[PDB]
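When you line the sequence shown up against the authors' numbering, it's residues 1 to 100, in that order. A quick write-up on the structure given underneath.
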Amino acid sequence: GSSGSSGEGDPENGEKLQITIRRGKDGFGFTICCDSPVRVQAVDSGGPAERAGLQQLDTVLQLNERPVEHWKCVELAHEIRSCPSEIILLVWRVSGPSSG
């Protein structure tokens with residue numbers, strides 16, 4: 001392959017990024033409510049969720065190393081509240097011009 005190479009195509013844009021939220025302000029900070037699949041509602045400005053690097057408009061894949069693809073706001077909310085200190089939540093984000 002002097003000029004190019006197979007496979008190169010069909011690249012990967014978005015990637016699985018993990019982010020934790022430190023519950024230390026009127027709750028956790030970020031708000032999430034939906035029906036499996038679960039998604040993000042909105043992020044608080046200047047909070048533990050945002051500062052850490054949590055962006056809204058994302059889909060919750062697995063929480064605290066647990067599958068939540070078929071979980072509902074209630075089902076999940078229960079797991080989150082579990083740890084009043086901090087909790088780990090994984091989501092899928094696309095690094096690009098993604099507007100909104």
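Virtual Cβ for every residue (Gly too), placed ideally from N, Cα, C.
Would you give the residue range spanned by the alpha helix (DSSP H) that residue i belongs to?
{"i": "residue 75", "result": "73-82"}
{"i": "residue 50", "result": "48-52"}
Under the rule that 16 or more other beta-carbon atoms within 10 Å means buried, what is residue i, buried or exposed?
{"i": "residue 48", "result": "buried"}
{"i": "residue 29", "result": "buried"}
{"i": "residue 58", "result": "buried"}
{"i": "residue 94", "result": "exposed"}
{"i": "residue 10", "result": "exposed"}
Quick check on residue i - is its C-beta less than 8 Å from some C-beta in chain C?
{"i": "residue 40", "result": "Within the model displayed, chain C is absent; a lone protein chain is all it includes."}
Leaving out five residues before and five after residue i in sequence, what residues of the same chain have Cβ atoms less than 7 Å from its Cβ?
{"i": "residue 25", "result": "47 and 48"}
{"i": "residue 42", "result": "31 and 56"}
{"i": "residue 44", "result": "29, 30 and 50"}
Excluding the 5 residues preceding and the 5 following residue i in the sequence, name in chain order all residues of the same chain whose CB lies nearer than 8 Å to its CB.
{"i": "residue 35", "result": "72 and 73"}
{"i": "residue 23", "result": "29, 48, 83, 84, 85, 86 and 87"}
{"i": "residue 5", "result": "none"}
Mind checking whether residue i and residue j have CB atoms under 8 Å apart?
{"i": "residue 17", "j": "residue 61", "result": "no"}
With residue i as the anchor, note down where its beta strand (DSSP E) starts and where it stops.
{"i": "residue 60", "result": "59-63"}
Query - Whole runs of the beta strand (DSSP E) within the region 2-32, excluding any shorter than 3 residues - result: Listed in chain order, the complete beta strand (DSSP E) runs (minimum 3 residues) inside the region 2-32 are 15-22.
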